[PDB]
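Peer 1: First the structure, then my questions, so here it is.
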Amino acid sequence: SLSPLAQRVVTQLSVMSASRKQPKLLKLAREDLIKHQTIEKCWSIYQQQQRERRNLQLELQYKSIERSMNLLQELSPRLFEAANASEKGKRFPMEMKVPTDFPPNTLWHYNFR
Amino acid sequence: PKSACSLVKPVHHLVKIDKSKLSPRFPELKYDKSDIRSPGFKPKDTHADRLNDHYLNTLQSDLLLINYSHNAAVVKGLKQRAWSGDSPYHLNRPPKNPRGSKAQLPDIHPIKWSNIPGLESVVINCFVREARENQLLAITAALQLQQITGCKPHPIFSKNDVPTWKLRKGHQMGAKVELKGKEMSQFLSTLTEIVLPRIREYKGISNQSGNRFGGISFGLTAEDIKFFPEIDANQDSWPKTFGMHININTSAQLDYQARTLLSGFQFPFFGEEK
Amino acid sequence: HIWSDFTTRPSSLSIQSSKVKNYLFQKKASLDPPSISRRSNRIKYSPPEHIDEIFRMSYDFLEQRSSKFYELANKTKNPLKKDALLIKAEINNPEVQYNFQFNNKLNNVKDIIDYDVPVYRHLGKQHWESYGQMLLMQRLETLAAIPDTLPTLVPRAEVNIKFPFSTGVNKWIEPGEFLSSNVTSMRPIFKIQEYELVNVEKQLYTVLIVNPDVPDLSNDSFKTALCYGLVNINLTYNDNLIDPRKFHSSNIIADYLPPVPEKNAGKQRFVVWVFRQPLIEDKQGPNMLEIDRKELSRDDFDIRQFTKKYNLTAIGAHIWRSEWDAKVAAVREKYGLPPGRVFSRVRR
Amino acid sequence: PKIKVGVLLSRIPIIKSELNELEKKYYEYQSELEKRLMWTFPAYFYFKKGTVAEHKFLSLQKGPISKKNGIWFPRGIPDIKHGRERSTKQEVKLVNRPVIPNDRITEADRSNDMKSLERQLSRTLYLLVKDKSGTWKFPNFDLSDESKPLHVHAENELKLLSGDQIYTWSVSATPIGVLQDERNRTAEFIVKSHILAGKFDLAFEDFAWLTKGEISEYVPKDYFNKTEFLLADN
Amino acid sequence: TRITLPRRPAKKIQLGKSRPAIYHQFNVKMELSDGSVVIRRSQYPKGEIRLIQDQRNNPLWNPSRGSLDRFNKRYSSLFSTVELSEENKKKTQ
RNA sequence: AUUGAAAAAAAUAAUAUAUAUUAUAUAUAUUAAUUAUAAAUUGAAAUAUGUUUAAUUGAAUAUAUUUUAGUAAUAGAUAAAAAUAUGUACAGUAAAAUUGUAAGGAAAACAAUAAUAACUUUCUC
């Protein structure tokens, strides 16, 4: 009927498939449904607020930068030129790592190079 | 059929009739997939995404600061040129195609608080070419992909036909999977931390790699996939293993911006940039 | 805690069921849902875990937001803006959501869903837009009741009709239904549910049922026929069922003549239109209007011309459509209308 | 007007941000919803039948109650496939060493040492400095030469202050903002830069490494208003 | 010639009834090369893993910071730099 | 309905039952199912009845009665790989060329490549 390789392939396929592995549908009572809706809506609102806060902050930073650069242009042309360069190949430093869940054994390195 | 003449009749009102809602056929389908009452419901925002949080906090501001060019105006792309009306044959003529390209190119905007580059989507294209002989290899590749991602893969089929390579048309051959949001972020984090350091002579992603507009890519060999923790934990269960292409799609206007963004997430870049 | 206060706020914003309210607001998931009436089913049921504390937090968050909105709402002077503020404050209230979703909107009981309350009215409007309004629009366009009678419609009020007096059965007419001559023998009952903010005391309404498809053999075409005409009707958000109780004999510009389609004349559209009166400033009370009853004719009726004359704006519509059956002759006889014509089966 | 060089050194967080009370609970709920809706664990794949590893897993697990004729099950009849009650959430219990994570709060945090870099791990720390007067501020430096670029000059000044203990990285050549005034006709152009690996430890009297919330307490109100948005909230 | 698994009749997923594939996933703790632990959701059943070769001990990711083994074992008494200096005359090549 | 936990009711829709009308309506009750379907001397689980250990529950083990395992792809109204070529209903847009990417090369697969003025809703200064 089937080889051992064929069997193993079938098993692998099954791992991915939804055939006889999935539970019943999540039914709710009307009160429960409402509670869920209120949870979700509130959360969504909170997320929107956070986005606006961050977005606003970014806008503020941009405005400050603009204000700075105009001033620099007014005062010292060479300094302005130096500031406003193409940073095409700018690379973030490899020490600035993505913050983990829990910290390492040695928290901070005081010596380098 | 009395005729094939298609011709949509005009209306006498501005109300937008959603025809789906007027039926009683698919009552489960009227609910959005986000809604709890739909069978299509899935808990989306299950836990705090770490890479995304990092981007929000540290990187995004830094990226904005980098990309500020003073009084930078919009750079319009190559577009379809209109004809000068110096002849009456120009009068209903289609426009001249773009200068260099056949297809139109997008406008490059200055980076401000709104349009800072960020990760949009990852796609993991795995086309196993031995599966022209063995269909079961495609299945195994798909499983591997699923294991790696925690996301449902989609089967790739042979779209073309060719004699030199023993390839038919309409044959299942490997799989793909578009990761988005938190799963994608996790996958990137795993790539940065676990897998790519275990590759021996790994210099990084090439600086000559990428789209013209905010898309960067690279690929992993069959040797490299055994470093993924889901595959590594049962090497008996994974005798064969398949390479893959990894298309990273950013919200970057240009490719150097996208590269910079990826560097922020601890991706090394080695080659001479364009 | 603004949503627990009911000093200034209406009673309708609360849930009237006590058990349901208790279930909503508890400190642990101990109680079982009042919705599940049966004991065995309640036993079987298991709500999702951790739902209570999070729900409470969400309530607090949205309650705070509502309170903040109210701080603005009371300072506001102009009425539409104030209403909008009120809506914003209370729309995310769980109790009002429960009330609206799970109790009837058509024949709303005032204590549960009060359409005098702005939030509930907004909800009702949204519900109407979701399905019933779209359906009505489709039936107007497909049947060709808009351009044939009255150019366009911008649906504002939800209009539902009924024929209670003829047969006995209770049924709201779905737009574009085929009703028997027995069903539509005696007059209908309207319900004009208004969702916009409007002056309830001043605003009058007119209702016109028009039959565009009565055949005129001189013209070799059709003509309109005003089958039923009411004017100067007073609506209120909750008190809105236009019945012989409400309107007086003075309000009837053309008293109900029934659908009596001729044999082979075809299907006849009867499309009720609901207009609101023009509102005059510097005049307290409801501004009436006089109709020249000799000028307007029933056997031929320019609806558009009439509208132009009295400066009406069509807010709502509904439509049924009648064709010939055996009982139309009986209906004619009852009303004292003539025998009724019979046309050739072929449209030659 | 005199050109001056402001510098704020940003030590970025080394671990995840702490979740809000609201957030945590919500996330737990979503996890529990997922679990309820999650598929059966396909144990037949990961554990081979008739193997020592499978046996341990089986022992760890406890099975579901099957349906049996002539009995009342008041929580409905068991719906089972691959050995799981479909009607409920499934729980699957699982050098050779237990992975024990380190404490997120630190010794420095406990002591409240403001000069230390390990004192907050989930927040973005900013280098502040106290001058001859009682005021605090971000490191200022006089730009007399004006030959070199501004950010480079700032970095050099920082390095000089340190005695080559610090290891910084400028985010860009562009200045984030300016602090300007009428009494002293000057202009402090603020650069942004990131401490990567080193001490500071040292005219300025004292220094500290603080979050955005603590800087408000230390620094003046007007100054804070001027330079609030530049600092990350977390 | 072409090795395949021949398809059975497909099961009709009705419109609206399609359910999203929520695979069974465990919360897995990865301790990296150093003691930094990170939680990640994973399909394989293992609550804890500790990694040997990661970015946190690779030189590319931090520039600022068993044949050979067998050889060392069985040439240990000799102790095999000074040895290099002794045995490295660069005249002949 | 009995069982668990610590007077009632007021939508839609479905189901059950009843009746109203030359009206596929209304009334009351209740919220099921939702990816399954025969056949397994062998795997796994439960319950019942025994026996031994620390009246007791856990733990171990025997028999009986069941339940699971036949492990197989679409999870989306799918949308230019291949497959039902006539009906109807609903919805969408192709191709080329270009820039890239593990074996991949001119030629296998995947990604990306025209413009947002005005409008509606949501959050926010």
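Residue numbers (PDB author numbering), protein chains in the order written: chain 2, 34 to 146; chain E, 19 to 292; chain 1, 20 to 367; chain 6, 23 to 116, 136 to 243, 250 to 281; chain V, 20 to 84, 96 to 110, 122 to 134. Every residue, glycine too, gets a C-beta built ideally from N, C-alpha and C.
1. Between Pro126 (chain 2), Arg63 (chain 2), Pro137 (chain 2), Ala118 (chain 2), which has its C-alpha nearest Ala214 (chain 6)'s C-alpha?
2. Starting from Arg58 (chain 1), follow the alpha helix (DSSP H) in both directions and report where the run begins and ends.
3. Nearest by alpha-carbon distance to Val56 (chain V): which of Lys130 (chain V), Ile71 (chain V), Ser110 (chain V) is it?
4. Closer than 9 Å, Cβ to any Cβ of chain 2: which residues of the region 31-50 of chain 1, in chain order?
5. For the alpha helix (DSSP H) that contains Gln80 (chain 2), what are its first and last residues?
6. Check the Cβ of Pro110 (chain 2) against every Cβ in chain 6 and list those closer than 8 Å, keeping chain order.
7. Between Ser109 (chain 2), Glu85 (chain 2), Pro110 (chain 2), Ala115 (chain 2), which has its C-alpha nearest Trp131 (chain E)'s C-alpha?
8. Starting from the C-beta of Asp135 (chain 1), find all residues in its chain whose C-beta is less than 7 Å away, skip the five residues before and the five after it, and write them out in chain order.
9. Using a C-beta to C-beta distance shorter than 7 Å, which residues of chain 6 count as neighbours of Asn89 (chain E)?
10. Strictly below 9 Å CB to CB, what residues from chain 1 border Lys39 (chain E)?
11. Please go through the region 163-211 of chain E and give each complete beta strand (DSSP E) segment of 3 or more residues, from N-terminal end onward.
12. The beta strand (DSSP E) spanning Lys26 (chain 6) covers which residue range?
13. Of the choices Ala238 (chain 6), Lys78 (chain 6), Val74 (chain 6), whose alpha-carbon is the least far from that of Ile207 (chain 6)?
14. Does the contact criterion of 3 or more C-beta pairs under 8 Å hold for the region 112-126 of chain 2 versus the region 102-117 of chain E?
15. If we count the other Cβ atoms within 10 Å of its Cβ and call it buried at 16 or more, is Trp61 (chain 6) buried or exposed?
16. Under 8 Å between beta-carbons, which chain 6 residues line up against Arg68 (chain E)? List them in chain order, please.
17. Apart from the five residues just before and just after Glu107 (chain 6), which ones in its own chain have a Cβ nearer than 8 Å to its Cβ?
18. If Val293 (chain 1) and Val226 (chain 1) are in contact, beta carbons under 8 Å, what's the gap, nearest whole angstrom?
19. Could you tell me which chain E residues have their CB closer than 9 Å to the CB of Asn281 (chain 6), listed as they occur along the chain?
20. Give the residues from the region 102-136 of chain 2 that approach chain V closer than 9 Å (Cβ to any Cβ), ordered along the chain.
21. Listing by chain order, which chain 6 residues have their CB less than 7 Å from the CB of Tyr86 (chain E)?
22. Starting from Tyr167 (chain 6), follow its DSSP beta bridges and name the residues at the other end.
23. Determine the DSSP secondary structure at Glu113 (chain 6), reduced to helix, strand or coil.
24. Taking the C-alpha atoms as reference points, what is the distance between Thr158 (chain E) and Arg26 (chain V)?
25. Does any CB atom of chain E fall closer than 7 Å to the CB of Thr122 (chain V)?
26. Verify whether the separation of the beta carbon atoms of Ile252 (chain 1) and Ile261 (chain 1) is less than 7 Å.
27. Do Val229 (chain 1) and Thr168 (chain 1) come within 7 Å of each other at the CB atom, strictly closer than that value?
28. Please check if any C-beta of chain 1 sits within less than 7 Å of the C-beta of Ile54 (chain E).
29. When Cβ atoms are compared, which residues of the region 224-240 of chain 6 fall closer than 7 Å to chain 2?
30. Measure from the C-beta of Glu64 (chain 2) to each C-beta in chain 1 and report whether the shortest distance is under 7 Å.
31. Would you say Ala345 (chain 1) touches the ligand SAH, meaning its beta carbon is less than 6 Å from a heavy atom?
32. Exposed or buried, which one is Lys94 (chain 1) when buried takes at least 16 other CB atoms within 10 Å?
33. Taking 7 Å as the cut-off, decide whether the C-beta atoms of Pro171 (chain E) and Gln165 (chain E) are in contact.
34. Closer than 7 Å, CB to CB, is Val92 (chain E) near chain 1 or not?
35. Using CA atoms only, rank isn't needed, just tell me which of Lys96 (chain 1), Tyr150 (chain 1), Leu99 (chain 1), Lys63 (chain 1) is closest to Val33 (chain E).
36. Establish whether the CB of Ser83 (chain V) and some CB of chain 6 are separated by less than 7 Å.
Peer 2: Looking at the atomic coordinates:
1. Within the fourth sequence, residue 214 (chain 6) is the residue found at index 173, counting from 1. If we check each option's Cα against that of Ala214 (chain 6), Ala118 (chain 2) comes out closest.
2. The residue labelled residue 58 (chain 1) in the question sits at position 39 within the third sequence. Unbroken alpha helix (DSSP H) run through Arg58 (chain 1): 58-63.
3. Mapped onto the fifth sequence, residue 56 (chain V) falls at position 37. Closest option to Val56 (chain V), Cα to Cα, is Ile71 (chain V).
4. So the close ones are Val39, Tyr42, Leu43.
5. Working through the first sequence from its first residue, we reach residue 80 (chain 2) at position 47. In the DSSP annotation of this structure, the continuous segment of the alpha helix (DSSP H) that includes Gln80 (chain 2) starts and ends at 63-108.
6. Residue mapping note: residue 110 (chain 2) aligns to position 77 of the first sequence, counting from 1. Within 8 Å Cβ-Cβ: nothing; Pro110 (chain 2) doesn't reach chain 6, min ~11 Å.
7. The residue you call residue 131 (chain E) lines up with position 113 of the second sequence. Nearest C-alpha to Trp131 (chain E) among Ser109 (chain 2), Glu85 (chain 2), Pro110 (chain 2), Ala115 (chain 2): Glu85 (chain 2).
8. Working through the third sequence from its first residue, we reach residue 135 (chain 1) at position 116. Counting only residues of its own chain and dropping the five nearest sequence neighbours on each side, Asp135 (chain 1) has a CB closer than 7 Å to the CB of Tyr256, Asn257.
9. Here residue 89 (chain E) refers to the residue found at position 71 of the second sequence. The contacting residues do not exist; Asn89 (chain E) stays about 13 Å from chain 6 at best.
10. Here residue 39 (chain E) refers to the residue found at position 21 when the second sequence is read from its first residue. The CB of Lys39 (chain E) comes closer than 9 Å to the CB of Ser149, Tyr150, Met153, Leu154 in chain 1, given here in chain order.
11. Complete beta strand (DSSP E) runs here, min 3: 172-175, 190-194.
12. Residue mapping note: residue 26 (chain 6) aligns to position 4 of the fourth sequence, counting from 1. Secondary structure note for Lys26 (chain 6): its beta strand (DSSP E) is the uninterrupted segment 24-33.
13. Working through the fourth sequence from its first residue, we reach residue 207 (chain 6) at position 166. In this structure, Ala238 (chain 6) is the residue among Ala238 (chain 6), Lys78 (chain 6), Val74 (chain 6) with its C-alpha nearest to the C-alpha of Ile207 (chain 6).
14. The region 112-126 of chain 2, when compared against the region 102-117 of chain E, does not touch it at the 8 Å Cβ threshold.
15. Numbered from 1 along the fourth sequence, position 39 holds the residue referred to as residue 61 (chain 6). The residue in question, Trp61 (chain 6), is buried, as its Cβ has 16 or more Cβ neighbours within 10 Å.
16. Looking up residue 68 (chain E) in the second sequence gives position 50. Think of a sphere of 8 Å around the beta carbon of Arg68 (chain E): the chain 6 residues whose beta carbon falls inside it are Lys38, in chain order.
17. For the purposes of this step, residue 107 (chain 6) is taken as the residue at position 85 of the fourth sequence. Excluding sequence neighbours, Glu107 (chain 6) sits near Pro86, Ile87, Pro100, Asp101.
18. For the purposes of this step, residue 293 (chain 1) is taken as residue 274 along the third sequence, with counting starting at 1. For the purposes of this step, residue 226 (chain 1) is taken as residue 207 along the third sequence, with counting starting at 1. Contact between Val293 (chain 1) and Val226 (chain 1) holds: their C-beta atoms lie close to 5 Å from each other, under 8 Å.
19. For the purposes of this step, residue 281 (chain 6) is identified with residue 234 of the fourth sequence, where counting begins at 1. Among the residues of chain E, those whose CB is under 9 Å from the CB of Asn281 (chain 6) are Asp71, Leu74, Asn75, following chain order.
20. Of all residues in the region 102-136 of chain 2, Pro126, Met127, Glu128, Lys130, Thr133, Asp134, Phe135, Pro136 have a Cβ within less than 9 Å of some Cβ in chain V.
21. Counting from one through the second sequence, the residue named residue 86 (chain E) turns up at place 68. Within chain 6, the C-beta atoms nearer than 7 Å to that of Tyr86 (chain E) come from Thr215, in chain order.
22. One-based indexing of the fourth sequence puts residue 167 (chain 6) at position 126. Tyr167 (chain 6) is bridged to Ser32 (chain 6), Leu257 (chain 6).
23. The residue given as residue 113 (chain 6) occupies position 91 in the fourth sequence. Note: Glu113 (chain 6) maps to coil in three-state DSSP.
24. What you label residue 158 (chain E) is simply residue 140 of the second sequence in a count that begins at 1. What you label residue 26 (chain V) is simply residue 7 of the fifth sequence in a count that begins at 1. Approximately 16 Å, taken between the alpha carbons.
25. Mapped onto the fifth sequence, residue 122 (chain V) falls at position 81. No, its Cβ sits nowhere closer than 7 Å to a Cβ of chain E.
26. Translated into the one-based positions of the third sequence, residue 252 (chain 1) becomes position 233. Translated into the one-based positions of the third sequence, residue 261 (chain 1) becomes position 242. Using a Cβ distance threshold of 7 Å, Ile252 (chain 1) and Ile261 (chain 1) count as a contacting pair.
27. One-based indexing of the third sequence puts residue 168 (chain 1) at position 149. One-based indexing of the third sequence puts residue 229 (chain 1) at position 210. Using a Cβ distance threshold of 7 Å, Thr168 (chain 1) and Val229 (chain 1) count as a contacting pair.
28. Residue numbering aside, residue 54 (chain E) sits at position 36 when the second sequence is read from its first letter. The beta carbon of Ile54 (chain E) sits no closer than 7 Å to any beta carbon of chain 1.
29. Cβ contacts with chain 2 come from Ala228, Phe230, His235, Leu237, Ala238, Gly239, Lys240.
30. Working through the first sequence from its first residue, we reach residue 64 (chain 2) at position 31. By the rule that beta-carbons nearer than 7 Å mark a contact, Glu64 (chain 2) touches chain 1.
31. As presented, the structure is devoid of all ligands, the ligand SAH included, so that no description of it is given.
32. For the purposes of this step, residue 94 (chain 1) is identified with residue 75 of the third sequence, where counting begins at 1. Exposed is the label assigned to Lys94 (chain 1), since fewer than 16 other Cβ atoms lie within 10 Å of its Cβ.
33. In the second sequence, residue 171 (chain E) corresponds to position 153, counting from 1. In the second sequence, residue 165 (chain E) corresponds to position 147, counting from 1. With a cutoff of 7 Å on beta-carbon distance, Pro171 (chain E) and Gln165 (chain E) are scored as not near each other.
34. Numbered from 1 along the second sequence, position 74 holds the residue referred to as residue 92 (chain E). No, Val92 (chain E) lies away from the interface with chain 1 (no Cβ there is under 7 Å from its Cβ).
35. Taking the first residue of the second sequence as 1, we reach residue 33 (chain E) at position 15. Per the Cα distances, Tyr150 (chain 1).
36. As a working note, residue 83 (chain V) is residue 64 in the fifth sequence. By this cut-off, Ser83 (chain V) is an interface position.
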